[PDB]
Amino acid sequence: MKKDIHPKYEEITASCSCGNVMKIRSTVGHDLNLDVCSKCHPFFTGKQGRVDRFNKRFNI
Amino acid sequence: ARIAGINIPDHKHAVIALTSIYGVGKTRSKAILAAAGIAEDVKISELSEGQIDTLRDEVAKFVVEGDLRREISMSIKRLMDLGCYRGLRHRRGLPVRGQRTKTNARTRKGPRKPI
Amino acid sequence: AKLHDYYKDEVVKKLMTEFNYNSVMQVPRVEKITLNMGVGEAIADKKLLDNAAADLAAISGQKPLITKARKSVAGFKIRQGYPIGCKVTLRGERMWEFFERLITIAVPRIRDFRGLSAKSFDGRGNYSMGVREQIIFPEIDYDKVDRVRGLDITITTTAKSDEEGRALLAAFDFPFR
Amino acid sequence: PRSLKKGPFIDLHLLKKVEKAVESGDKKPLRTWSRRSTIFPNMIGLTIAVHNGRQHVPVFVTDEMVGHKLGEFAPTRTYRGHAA
RNA sequence: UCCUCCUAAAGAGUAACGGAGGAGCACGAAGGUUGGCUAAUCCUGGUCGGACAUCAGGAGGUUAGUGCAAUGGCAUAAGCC
RNA sequence: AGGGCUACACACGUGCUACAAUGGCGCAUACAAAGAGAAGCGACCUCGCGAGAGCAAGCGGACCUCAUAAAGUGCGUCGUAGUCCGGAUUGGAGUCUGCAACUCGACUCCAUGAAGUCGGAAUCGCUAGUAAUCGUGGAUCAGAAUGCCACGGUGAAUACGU
Ligand SMILES: [Mg+2]
Ligand SMILES: [Mg+2]
Ligand SMILES: [Mg+2]
Ligand SMILES: [Mg+2]
Ligand SMILES: [Mg+2]
Ligand SMILES: [Mg+2]
Ligand SMILES: [Mg+2]
Ligand SMILES: [Mg+2]
Ligand SMILES: [Mg+2]
Ligand SMILES: [Mg+2]
Ligand SMILES: [Mg+2]
Ligand SMILES: [Mg+2]
Ligand SMILES: [Mg+2]
Ligand SMILES: [Mg+2]
Ligand SMILES: [Mg+2]
Ligand SMILES: [Mg+2]
Ligand SMILES: [Zn+2]
């Protein structure tokens with residue numbers, strides 16, 4: 001890589017709420033506090049009409 | 001500061017800041033903050049990470065943001081596919097709750113279109 | 001190189017089984033990832049293009065290459081040779097690190113993320129996807145953001161077909177809907 | 001809308017017509033003037049011709065319609081646009 | 001007055017108030033050299049983004065390009081950096 | 001019997017609500033007048049976030065009920081933002097009256113959160129308990145007022161002059 005023209009690219013720690021920790025090189029500089037990650041997002045995990053309601057509200 | 005996929009305002013009181021979420025009004029903001037054990041006047045930036053996570057958990061019990069938007073679009077399209085009077089009003093961009101249209105009805109009709 | 005070591009240790013074997021390749025060289029590879037910002041707003045303001053380049057540098061970790069108009073186009077009011085975007089080509093270690101960060105951090109931060117389209121293959125096993133907002137990358141600070149900008153991401157692979165490309169990406173548990 | 005405790009309103013002549021037609025099979029459209037009657041699940045598949053003021057409008061009842069009134073599907077005013 | 005093509009009869013040249021177009025410059029790099037490079041157009045996929053911007057791949061194979069007419073050239077490029 | 005008088009490219013009149021900080025929101029807490037009520041007004045209690053519901057006194061009334069007056073005052077917050085301004089529109093769920101709320105009711109709850117940052121030319125009302133502002137009641141009426149009729153609270157500016 002060319003010298004002296006690229007962003008600073010050094011390892012950090014990404015800590016998610018679900019307790020997942022990933023050690024990733026990054027340009028962000030500081031450590032991370034993720035609100036979601038691949039291991040807990042509902043779509044990743046797998047966690048994601050009229051007659052019925054008519055009968056439920058109008059029970060005879 | 002990141003709850004329900006959007007950024008909450010950090011300098012506002014929490015009760016105000018949570019209403020940034022599509023689907024949380026004032027009543028739901030107060031209920032979420034009571035069920036997360038956080039006072040209403042506490043600013044978001046004076047909250048811990050455990051506190052913000054409890055807030056996220058509390059918001060999780062509600063249908064908000066994209067899911068709520070999908071629900072609303074589904075209901076409107078159901079009306080519009082039914083061919084019922086309400087659906088036809090939605091189709092024509094006219095008031096749907098029996099309001100007058102001889103005058104007014106400008107929120108639905110938009111700005112006047114001259115002849 | 002977590003995802004590259006995963007590719008070599010697991011994905012190669014999985015694909016060999018799934019497609020019955022006669023040689024390990026036949027397994028599809030991830031060759032390059034290109035990030036593109038089409039910055040048309042630069043026709044009048046050059047700070048817009050410079051800020052796009054800064055965003056791309058923060059995201060990818062590489063100083064971007066400013067791209068220029070190939071021919072003059074009245075319809076967009078652009079003359080030939082005018083700088084109207086920026087790209088980065090990510091290869092090797094940087095490419096695998098960005099692939100990991102994308103998959104595990106940035107995609108989970110997409111507003112209302114319901115899964116990536118699996119039809120977005122160009123016909124030869126290369127996958128392109130759009131980003132609408134650069135804040136999904138943690139490298140971009142939210143309260144420093146001047147303008148809302150997205151980008152294009154292309155994953156070029158050595159797959160002879162779209163099915164092999166999709167299988168290669170799915171092996172990494174790519175968030176296909 | 002109508003109070004839940006009162007149940008859903010329907011005109012008796014219409015309910016009887018719907019029961020007869022369901023029993024006998026799938027008859028020709030039943031002509032009714034009862035725009036105020038709720039659409040019940042047992043009307044699904046029937047065709048009810050509902051008065052809109054001057055003509056009966058054939059309404060092919062589906063499952064989405066249950067709980068709506070018959071008059072919601074028989075518009076009463078003819079509008080096609082001004083200056084056309 | 002000058003340039004290009006045809007008339008012009010497969011060397012050169014060849015007339016008409018014959019048929020068609022151009023010039024009266026530009027450039028200290030658009031000159032020299034060394035190293036490198038390869039077009040048009042279409043299809044598919046891709047944030048804004050659309051018929052047309054930028055990105056990736058494919059098809060194509062010079063149908064591009066040449067500071068400015070036309071003809072003859074040009075890949076070993078005379079074309080692009 | 002059902003539909004219409006409730007239509008909707010548009011023009012005008014009369015209003016209501018606003019555009020905020022002399023304000024919004026939360027908590028607490030003062031001070032009215034006038035009126036209506038028997039197929040009516042309906043307390044207390046219990047249930048419900050609420051509209052309401054169930055039970056059930058009292059009252060043909062200076063007695064009972066409608067029926068916390070609000071502005072105000074104190075405390076706290078918001079800090080000039082299309083906002084903790086505004087509350088139109090729309091989705092969902094309800095209540096009540098009424099044979100019956102689709103066309104086409106009022107009200108409640110959750111969500112939504114438009115225009116609007118004081119209004120071109122023009123133009124209206126008002127000389128004092130008036131204007132302005134704040135609540136309250138009544139007729140019509142099963143239900144259905146921002147209209148109408150009526151009632152108090154706070155309470156100005158200015159009139160040289162012709
Ligand atoms: Mg609300
Ligand atoms: Mg109405
Ligand atoms: Mg010759
Ligand atoms: Mg010859
Ligand atoms: Mg001769
Ligand atoms: Mg060369
Ligand atoms: Mg040269
Ligand atoms: Mg009649
Ligand atoms: Mg009328
Ligand atoms: Mg009365
Ligand atoms: Mg408000
Ligand atoms: Mg505005
Ligand atoms: Mg303002
Ligand atoms: Mg006088
Ligand atoms: Mg008043
Ligand atoms: Mg009444
Ligand atoms: Zn996680």
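Atom set for the values below is all heavy atoms of this structure, side chains included, hydrogens, waters and symmetry mates excluded. Chain naming here is simple, since letters A, B, ... match the order of the sequence lines and numbering starts at 1 in each.
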Practice prompt. Confirm from the modelled atom types if B:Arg78 and F:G91 form a donor-acceptor pair under 3.5 Å, side chain to base only.
Written response: no

Look at the side-chain N and O atoms of [X] and state whether any lies under 4.0 Å from the OP1 or OP2 oxygen of [N].
{"X": "D:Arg36", "N": "F:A101", "value": "no"}
{"X": "C:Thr156", "N": "E:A56", "value": "no"}
{"X": "D:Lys5", "N": "F:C96", "value": "yes"}
{"X": "C:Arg79", "N": "E:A53", "value": "no"}
{"X": "D:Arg2", "N": "F:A101", "value": "yes"}
{"X": "C:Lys77", "N": "E:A53", "value": "no"}
{"X": "B:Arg89", "N": "F:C104", "value": "no"}
{"X": "C:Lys119", "N": "E:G45", "value": "no"}
{"X": "C:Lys71", "N": "E:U41", "value": "yes"}
{"X": "C:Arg70", "N": "E:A40", "value": "yes"}
{"X": "B:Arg86", "N": "F:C102", "value": "no"}
{"X": "C:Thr154", "N": "E:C55", "value": "no"}
{"X": "B:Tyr22", "N": "F:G113", "value": "no"}
{"X": "C:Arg147", "N": "E:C48", "value": "no"}

Under 4.0 Å, counting only non-hydrogen atoms across every strand here, what does [X] touch: a base, just sugar-phosphate, or nothing?
{"X": "B:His13", "result": "base"}
{"X": "C:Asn126", "result": "sugar-phosphate"}
{"X": "B:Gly23", "result": "sugar-phosphate"}

Practice prompt. Go through the steps for C:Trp96 and C:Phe172 under the test ring-ring contact (aromatic ring centres under 6.0 Å, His included), then give the verdict.
Written response: CA-CA 11 Å; C:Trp96 290 112; C:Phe172 288 99; 5.6 Å; yes

Response to the item:
note: C:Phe121, atom CZ; E:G45, atom P; distance rounded to Å ~ 13 Å

Item to complete: Mark yes when both conditions hold for F:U83 and F:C84 (six-membered ring centres under 5.5 angstrom, interplanar angle under 30 degrees), and no otherwise.
Response: no

Worksheet entry | Intrastrand stacking F:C19, F:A20, 5.5 Å centres and 30° planes | no

Fill in: Residues C:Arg114 and B:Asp67 bridged, charged N to O under 4.0 Å
yes

Worksheet item: Where does E:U63 land, syn or anti, given syn is within 90° of 0?
Response: syn

Among [options], which nucleotide has an atom closest to any side-chain atom of [X]?
{"X": "B:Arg28", "options": "E:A53, F:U103, F:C110", "value": "F:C110"}
{"X": "C:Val73", "options": "E:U44, E:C52, F:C102", "value": "E:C52"}
{"X": "B:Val96", "options": "E:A56, F:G91, E:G58", "value": "F:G91"}

Practice prompt. Please determine which of D:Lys17, D:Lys16, D:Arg36, D:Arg35 meets the side-chain hydrogen bond (donor to acceptor under 3.5 Å, both in side chains) test together with D:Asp11.
Written response: D:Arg36

Fill in: Centroid distance under 5.5 Å and plane angle under 30°, D:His82 vs F:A9
yes

